[PDB]
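Take a look at this single chain, the form deposited in one PDB entry, given in structure tokens.
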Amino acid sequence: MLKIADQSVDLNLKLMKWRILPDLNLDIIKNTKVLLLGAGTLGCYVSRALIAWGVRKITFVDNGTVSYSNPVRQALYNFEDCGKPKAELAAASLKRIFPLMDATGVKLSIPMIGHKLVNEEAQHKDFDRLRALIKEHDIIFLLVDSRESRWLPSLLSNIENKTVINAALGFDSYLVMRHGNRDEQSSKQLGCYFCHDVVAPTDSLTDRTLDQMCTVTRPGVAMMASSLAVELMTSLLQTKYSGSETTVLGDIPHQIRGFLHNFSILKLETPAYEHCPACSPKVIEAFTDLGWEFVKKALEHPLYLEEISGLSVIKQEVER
């Protein structure tokens, strides 16, 4: 029955090209290898939106386990799943939906800048493991839940030259954006999640208390951010039109921010900031030059990172 099922889903995709958008390229989408850093609310919704699009290769990266309150908000897990490791359950879950999916679950811990290294060798392995995964996939979705967890992936992904789609939620809002990639021929590079502030991502969980901030969000933000995130990827995957920033599936914004209280959505754009503690040229040079040696330093000394990117040369300038 698998054949007839495969054919059925396939025909549905073909119909949108054949009868509506003949210029649409479904193959590019189908063959795209996707790496999902995060198997929580965003990770579950984004992954559901991707099989619907025809994507066959999806890999989940998450080191946590299914919590009691996860099911109602994380659409790939059930109540019986509680206690079990997420990444794998997640891949198993996609297969229960479409058995031909090439779903995989990697229980990997993403080293977080700002936290103390607990096991050098162990966390050096984590580091290489993550880079390999980013290396083998085509689109990396940054669906983690802390500012810190986004730093390493942003960088490795910039180094491996992969496209990155970053999604993050707030209680009432959401941000979905694609990081720029450094092109030799184009003196124009779009910003990354980190080009918007002037502080180096650091430990924000260890010191966290309810006083600091509650993590609950309005259910709606997760669903929205995910769909917009996947529709961005599918459009971005289309050849753009000669004289415009558009494709067969429409625009291809750099940054999208939404708000529920006033049911709005803004498209935006921000150029790469040279003192970014993530995409700054000085930071890329340091990585290319020293690899894991430099990262280990940034990892335990966020301020160091600032010294490297120049975020200090500018605060120091204002300081005087």
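For every residue, the number given is its place in the sequence shown, counted from 1. Residues that one form lacks are left out of the comparison. We call the rigid core the largest set of C-alpha positions that still match within 1.5 Å between the two forms.
(request) Answer yes if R182 is missing coordinates in at least a third of the other compared entries, and no if every one of them models it. (result) Yes, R182 lacks coordinates in at least a third of the other compared entries that model both of its neighbours.
(request) Answer yes if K95 is missing coordinates in at least a third of the other compared entries, and no if every one of them models it. (result) No, modelled in all of them.
(message) Test of understanding: from the entry's C-alpha B-factors, which stretch has the higher mean, 70 to 78 or 195 to 203?
(response) Mean C-alpha B-factor is greater for 195 to 203.
(request) Between 156 to 164 and 210 to 218, name whichever shows the higher mean Cα B factor according to the PDB entry. (result) Comparing averages over the C-alpha atoms only gives 210 to 218.
(message) Among the choices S149, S93, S227, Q123, identify the one whose CA B-factor in the record is greatest.
(response) So the option with the highest C-alpha B-factor is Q123.
(request) Pick out which of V55, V46, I284, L37 has the highest C-alpha B-factor in the PDB entry. (result) Highest C-alpha B-factor among the listed residues goes to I284.
(message) Which third, lowest, middle or highest, does the C-alpha temperature factor of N12 belong to within its own chain?
(response) For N12, the deposited C-alpha B-factor lands in the middle third.
(request) Place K135 in the lowest, middle or highest third of its chain's C-alpha B-factors, as listed in the PDB entry. (result) It belongs to the middle third of the chain when residues are ordered by C-alpha B-factor.
(message) When the deposited Cα B-factors of this chain's modelled residues are ordered and cut into thirds, is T104 in the lowest, the middle or the highest one?
(response) It belongs to the middle third of the chain when residues are ordered by C-alpha B-factor.
(message) Among the modelled residues of this chain, does the Cα B factor of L117 put it in the lowest, middle or highest third?
(response) It falls in the top third of the chain.
(request) Looking at the entry's B-factor column for C-alpha atoms only, identify whether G83 ranks in the lowest, middle or highest third of its chain. (result) As the PDB entry reports it, the C-alpha B-factor of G83 lands in the highest third of its chain.
This protein has a second form, the form deposited in another entry, left out of what is shown; the following refers to that one.
(message) Please name the one residue from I110, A167, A200, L76 with a C-alpha displacement of 2 Å or more between this form and the one not shown, using the rigid core for the superposition.
(response) Meeting the 2 Å or more criterion is only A200.
(message) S244: after superposing the rigid core, is there a C-alpha shift of 2 Å or more between this form and the one not shown?
(response) No: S244 shifts by under 2 Å between this form and the one not shown.
(request) Once the core is aligned, please say if the CA of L210 is shifted by at least 2 angstroms between this form and the one not shown. (result) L210 C-alpha, core-superposed: shift of 2 Å or more.
(message) What direction does the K116-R208 Cα distance move in the other form compared with the shown chain, closer or farther, given a change of 3 Å or more?
(response) So the answer is farther.
(request) Would you mind telling me if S69 and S204 are closer or farther apart in the other form than in the shown form, C-alpha to C-alpha, with a 3 Å or larger change? (result) Their C-alpha distance grows by at least 3 Å in the other form.
(request) Enumerate, in order of sequence, every stretch of at least three consecutive residues present in both forms where each C-alpha is displaced by 2 angstroms or more between this form and the one not shown, superposition done on the rigid core. (result) Shifted run of three or more residues, which all move 2 Å or more: only 197 to 215.
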